[PDB]
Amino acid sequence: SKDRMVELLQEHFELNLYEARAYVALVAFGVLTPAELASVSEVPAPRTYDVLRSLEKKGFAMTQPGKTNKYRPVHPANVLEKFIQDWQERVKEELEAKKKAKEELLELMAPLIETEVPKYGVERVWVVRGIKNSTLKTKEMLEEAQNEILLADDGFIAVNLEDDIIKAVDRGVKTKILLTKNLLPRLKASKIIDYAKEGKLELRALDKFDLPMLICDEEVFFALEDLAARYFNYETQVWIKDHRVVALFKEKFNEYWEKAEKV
């Protein structure tokens, strides 16, 4: 049926329902006026004028501009192919746009695209208070270290982490431990000194220092001194991830590293 003809035009030749029905009628009857198209098709009378005129622009029909516009269809063997030929031409240029767009994006993204692979955030600053939260974040730093692990503990750490440290040390992580001499007695049964005496890590001690810290690679962990709170194990501690800041702390640690007696 003609339904098939109409259906084919809409899908592959960019003609709408009315425009489709129109062209089919044109080929069928040869020459038609807007008024005639309404009687020999299903196209609404009021639309027959802009529909045929629309076809006039797309190149499907020819016209006689007058009081009574006459329209005749172009040979379907002609229009149907030029459409494809043009359609192939429009797709080619549309392709060119996609490639140039790709190159630009790959150019703009080059500086932005980085091997950053979190490790959740995105967050370079974290506030920890609880004893539970203090330990969990402490383990993450050690169990994720890759280059160096620097520790300056004066008893602000809630729990001993010998195993968490050794777990990293055995992973090929260079480690430096600095402790207050009022902590050494607590390390007699702990077998970290073994790694120290065996030279698997460096362990020194100092009488006192007012800037405890835990440096793990680009991350650093310290507390906002409030001795009243530390006793209640609710002291506020801050985690910061930045090479500029850590680079600064590393200098202080090196400062503390000296003047320290080897255990």
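Residues carry their position along the shown sequence, with the first being 1.
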> Higher mean Cα B-factor in the deposited model: 197 to 205 or 23 to 31?
Replying inline: 197 to 205
> Hey, which bit's got the bigger mean C-alpha B factor in the entry, 100 to 108 or 69 to 77?
Replying inline: 100 to 108
> Going by the entry, which of 142, 157, 128, 95 has the most elevated CA B factor?
Replying inline: 157
>> Sorting 167, 137, 90, 82 by Cα temperature factor from the record, which one lands on top?
In response: 167
> By the record's CA B-factor, is residue 232 among the lowest, middle or highest third of residues in the chain?
Replying inline: highest
> C-alpha B factor of residue 255, ranked within the chain: lowest, middle or highest third?
Replying inline: highest
